[PDB]
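Peer 1: build me a model from this:
(chains A, B, C, D and E)
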Amino acid sequence: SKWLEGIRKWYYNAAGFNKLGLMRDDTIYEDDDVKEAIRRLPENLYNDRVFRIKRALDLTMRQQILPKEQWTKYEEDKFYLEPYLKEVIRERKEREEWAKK
Amino acid sequence: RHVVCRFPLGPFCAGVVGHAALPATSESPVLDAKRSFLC
Amino acid sequence: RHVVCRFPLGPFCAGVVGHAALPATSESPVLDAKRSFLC
Amino acid sequence: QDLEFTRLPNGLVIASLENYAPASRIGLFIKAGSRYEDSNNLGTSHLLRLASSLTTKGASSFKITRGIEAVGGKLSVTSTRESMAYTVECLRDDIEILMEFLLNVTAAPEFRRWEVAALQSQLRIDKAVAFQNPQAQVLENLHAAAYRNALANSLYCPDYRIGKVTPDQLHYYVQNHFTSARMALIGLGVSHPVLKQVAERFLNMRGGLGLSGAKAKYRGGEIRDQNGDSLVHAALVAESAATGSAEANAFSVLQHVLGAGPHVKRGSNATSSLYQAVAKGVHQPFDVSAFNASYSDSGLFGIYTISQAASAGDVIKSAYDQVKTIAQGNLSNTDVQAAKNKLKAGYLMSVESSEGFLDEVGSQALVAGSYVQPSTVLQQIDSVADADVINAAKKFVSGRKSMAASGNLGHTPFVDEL
Amino acid sequence: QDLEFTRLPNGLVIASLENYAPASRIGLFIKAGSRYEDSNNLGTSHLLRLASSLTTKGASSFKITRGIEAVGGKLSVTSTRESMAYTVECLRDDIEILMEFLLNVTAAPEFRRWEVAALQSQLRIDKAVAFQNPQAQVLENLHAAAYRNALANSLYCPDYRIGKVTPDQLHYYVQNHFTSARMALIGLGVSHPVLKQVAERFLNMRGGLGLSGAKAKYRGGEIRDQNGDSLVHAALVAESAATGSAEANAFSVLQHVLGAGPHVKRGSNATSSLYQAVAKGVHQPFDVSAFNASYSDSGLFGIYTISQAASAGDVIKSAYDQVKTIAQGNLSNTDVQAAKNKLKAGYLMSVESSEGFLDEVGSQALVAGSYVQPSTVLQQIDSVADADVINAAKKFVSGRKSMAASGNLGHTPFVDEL
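Peer 2: Numbering: from 1, shown residues only, chains lettered A, B, ... in the order given. Below, you will see the structure:
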């Protein structure tokens, strides 16, 4: 319940990708399914993701962190990529299930 | 009789082959039936 | 006058820049001048 | 047995014939097509025709393709300027599955952005393949010249619209034209109760007549292509009649008087009045025939000729003169009887194939209200008199004419010169 | 001094003006263009215009390019529908050098297969660059629609002819159109005897009065291009008088009555009758002027309108109504006088530049075979009466219409609807 929410928020703060302005779905490993999901993103979301990732890379190059008020809040972190990734994974699972028989 | 196939020649003027998906189009009665014979 | 240059607009509608070879074409008065006033 | 007909309360037509054939073929004829596009969404029907295999709310693209192929069935889309037919063919033991796919494709599409964007290039590929033969482009230009509002729209997406057909346009077109009243579910090798049940299951939604198409207006213009080919294809037509009416039968009999089909392979087209009329004047390889298009709003009757670039004009003149000869009352009764026999035999052979019969029944259910037996159609053809054919020829001669040519066009006449 | 105009025995016309300017400009105007192409050599004039720097009998392509660029000179070809003007401009001392190059380009061309084949793609590049602005496409369609032949040919090679212009066609064109009686050699900053000597040295081999094209036959058709652009460009014209006649002066005065173009940057074009007539009912971005093409055998006068896609019909009808009102006699003497002032000022400004003066003298030598002082041109301009302008407007209103449109169309009328 609220205990799980508290530990999840603590972990989100500890995993400092919000300190770089990134969102959770910007840090996922770009395997084949994630690449296909990115390919299906609408143009605005793709551009926003590209800029956020580039800014994070610049910050890590300078070994610096975004101002405290610019960190991505846990409650306002939107999982934009999750639906597309889920759809791609379902399609892959369907293809594999067909291949089994 | 109400198809665009008023005369059999002409309709099906252009239609692509296919399996499980094969679009086709139908213009109206046209020529190029005996065109091949002459030359 | 006996040139197709009837009004400043139109003739020399599509003249490409160049040096030592620069072809140009001339049609007749075709408006589009003062069109740029509004988007 | 006998074809069974039904009109559901929402307006959907259902026709079922049980011929006990090993293969069942089910079609869904929707009163969509190019004529129901406007200037802002040209080519939408082309992409819709190409997008039968895309993902639907019920089944995915992969599922649709694999499931249809597994039972060896075929899913096809045939689109004219006034109708789109989605047909599924397979062995009767496994028809229900295909029906679901069919009734998904036309009732719960999704038009996912990425799928449509991938499909865009297929528009250009299909257009190029279709235009590989000159008749397609010549007839497209002929419809563009003859009509101005609705039927002028081409069966193929315009070049500037290849990458611009958005999923929103496809959704709007489907929601406004794939309606219950605009649909008819025909089936060969199926029982009426199953067809009715599946229609209730899927085609219950999207009722009403849908978005109404604008009445076709006759333009009477001309379009010249100038593609530089040795052979010139020239079509010269005039507003003939609307399908179904007695004028349509008169124009059909007139077309078979002039001579449409080749009949005897490598033959001199002796019965074909146009071919023999042109032949005595032109000795180069030409081939000519009579064009006859019938639509709900209007129709176009005329002459379609192929000719050598140098002599093309002469050919057209000769052909035109021949029709004038018919228009002046020079029409033998034996010629009319032979044309009626040819028309009746051609119609009977058209509905011989399951494809032809299904398309005929779908067109009758969509344009008309019920299905008319072939005997009544033959009676209608027989009722046509010589005076009616002469009047049709007179109407073609007098009416303002639209022309479309493609070729060298150095010696091809204009409409005014005809 | 004044212009030294002279006609050579072979028919060649040489004119020279010594204005003592530091720069010297020599043009060779030839009565060759798209008008003098047939259906089999369409695009030949385009490639010929693009081929001013190919290898010749006297000099090679490398030699021509490097020699012209070394002295800083410029060689350009301006090809209108019925004329083609080569011109070399450089400093007064080096002009002689360029002169040779010029007369090697025209008198003794040498089209080598490899060079022409390499040049072929330049046709596509140049046509794309030209068609970047819609006015070019609309005008090509307008000339195709208005005329059946001759002037119907476009200034640019057809797409299907891009890679099919053989060197033999270029040789035939040059031989049959680059003849002495069809040429004129005009010079600024060049002494007359030197120009005569160079003309004798080069422009004597080819006998005059080459192959002559047919008279352009007015068609009065229509060509509507659906390209989905936000702005619709429409040109609605009718056959006016040929150049050099009094009625041509009347048509030009009428054009300046309606308004040829703006005289104030970002101005409202208050004196433009067409602009004010359209503005009264259209509150969107628009532009309307009077199109006036004057050719040797015929001419076109009409209205050119750029408008919104949904408002194109309103703009076209408003401009046509204004022209009709002028035709009925609603033309003030003050307006005619103002239009005459605009015409005289525009002509003097056009001939004010060196390029303008050169092209004007070349056109006069190629059409009338003689030079007319600007005072005589002004006297002819002011000799137009209000009655003449009203009659020209009547002729436009009561004449066969040819229209070319490009844009989203949909709300753009047809020629019959006007």
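
Peer 1: show me where chain A has helices.
Peer 2: A:2-14, A:32-39, A:43-61, A:82-100 (DSSP state H).

Peer 1: same deal with chain B?
Peer 2: Going by DSSP H, chain B shows helices at B:35-38.

Peer 1: in the stretch 201-350 of chain D, what residue is nearest chain A?
Peer 2: The minimum distance from the stretch 201-350 of chain D to chain A, using Cβ to the nearest Cβ, falls at residue D:202 (22.1 Å). Every residue, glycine included, has its C-beta placed from N, CA and C.

Peer 1: quick one on the thing from earlier: just send the helices of chain A back as CSV, with mean neighbour count and distance to chain C too.
Peer 2: Output for the helices of chain A, formatted as CSV (neighbours: other Cβ atoms under 10 Å in any protein chain shown; distance: least, Cβ to the nearest Cβ, whole Å):
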stretch, mean neighbour count, distance to chain C
helix A:2-14, 10, 47
helix A:32-39, 16, 34
helix A:43-61, 13, 23
helix A:82-100, 13, 36
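
Peer 1: how close does the closest residue to residue D:21 other than its chain neighbours get to residue D:95?
Peer 2: If the residues on either side of it in the chain are set aside, residue D:21 comes closest to residue D:189, at 5.1 Å by Cβ to Cβ, 6 or more residues apart in numbering or on different chains. Residue D:189 sits 7 Å away from residue D:95, going by Cβ to Cβ, to the nearest Å.

Peer 1: for residue A:100, same thing?
Peer 2: Residue A:100 sits at a distance of 26 Å from residue D:95 (criterion: Cβ to Cβ).

Peer 1: for residue D:189 and residue D:95, indicate the residue with more neighbours.
Peer 2: Remark: of residue D:189 and residue D:95, residue D:95 carries more neighbours, 24 against 21, as counted by other Cβ atoms under 10 Å in any protein chain shown.

Peer 1: helices or strands up against the host helix or strand of residue D:387?
Peer 2: Using DSSP states H and E, residue D:387 sits in helix D:386-398. Identification of packing neighbours for helix D:386-398 by 3 or more Cβ pairs under 8 Å, 6 or more residues apart in numbering or on different chains; DSSP states H and E yields helix D:246-258, strand D:299-308, helix D:312-327, helix D:333-350.

Peer 1: quick one: contacts for residue 23?
Peer 2: No chain specified, so I'll use chain A. Neighbouring residues of residue A:23 by Cβ atoms under 8 Å, 6 or more residues apart in numbering or on different chains: A:17, A:52, A:72, A:77-80.

Peer 1: sorry, I should have been clearer: chain B.
Peer 2: Residue B:23 neighbours (Cβ under 8 Å, 6+ apart): B:15-16, D:49-50, D:52, D:76-79, D:126.

Peer 1: what do you get if the cut-off is 10 Å, keeping everything else the same?
Peer 2: With contact set as Cβ atoms under 10 Å, 6 or more residues apart in numbering or on different chains, residue B:23 has these partners: B:14-16, D:46, D:48-52, D:76-79, D:84, D:122, D:126, D:130.

Peer 1: just those: which are in helices?
Peer 2: Among these, the ones falling in helices (DSSP H) are D:46, D:48-50, D:122, D:126, D:130.

Peer 1: which among the helices of chain A is found nearest to residue D:338?
Peer 2: Distance to residue D:338, taken as Cβ to Cβ, is lowest for helix A:82-100 among these, at 57.9 Å.

Peer 1: pull the closest one out as CSV, backbone CA atoms only.
Peer 2: Taking C-alpha atoms only, helix A:82-100 is exported to CSV below (Å, rounded to 0.1, in the frame of the first residue of the first chain):
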residue,chain,number,x,y,z
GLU,A,82,5.0,1.7,-22.0
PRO,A,83,1.9,1.2,-24.2
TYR,A,84,3.9,1.0,-27.4
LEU,A,85,6.4,-1.4,-25.8
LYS,A,86,3.6,-3.5,-24.5
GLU,A,87,2.0,-3.7,-27.9
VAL,A,88,5.3,-4.6,-29.6
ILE,A,89,6.0,-7.3,-27.0
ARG,A,90,2.5,-8.7,-27.5
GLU,A,91,3.0,-8.9,-31.2
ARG,A,92,6.3,-10.7,-30.7
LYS,A,93,4.7,-13.1,-28.3
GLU,A,94,2.0,-13.8,-30.8
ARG,A,95,4.5,-14.5,-33.6
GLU,A,96,6.5,-16.8,-31.3
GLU,A,97,3.3,-18.7,-30.2
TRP,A,98,2.4,-19.2,-33.8
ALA,A,99,6.0,-20.4,-34.5
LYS,A,100,5.6,-23.0,-31.7
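
Peer 1: which elements pack onto it?
Peer 2: For helix A:82-100, the elements it packs on are helix A:32-39, helix D:61-70, judged by 3 or more Cβ pairs under 10 Å, 6 or more residues apart in numbering or on different chains; DSSP states H and E.

Peer 1: so for the longest one, what gets flagged as buried?
Peer 2: If you call a residue buried by 16 or more other Cβ atoms under 10 Å in any protein chain shown, then helix D:61-70 has these buried ones: D:61, D:63-65, D:67-68.

Peer 1: if we can go back for a sec, looking at the helices of chain A, which is closest to residue D:100?
Peer 2: Proximity to residue D:100 (Cβ to Cβ) singles out helix A:82-100 among those, at 16.5 Å.

Peer 1: residues in contact with the closest one?
Peer 2: So helix A:82-100 is contacted by A:24-25, A:28, A:32-42, A:45, A:79, A:81, D:55, D:60-63, D:66-67, D:70, D:112, D:114 (Cβ under 10 Å, 6+ apart).

Peer 1: got the angle between that helix and helix A:43-61?
Peer 2: 100 degrees (axes from the mean of the first three to the mean of the last three Cα atoms, to 10 degrees).

Peer 1: so what's the spatially most central residue of chain D up against?
Peer 2: Centroid-nearest residue in chain D, with Cα atoms, centre = their mean: residue D:80, separated by 4.2 Å. The neighbours of residue D:80, taking Cβ under 10 Å, 6+ apart as the test, are B:3-5, B:11, B:24-28, D:32-35, D:155, D:293, D:295, D:359, D:363.
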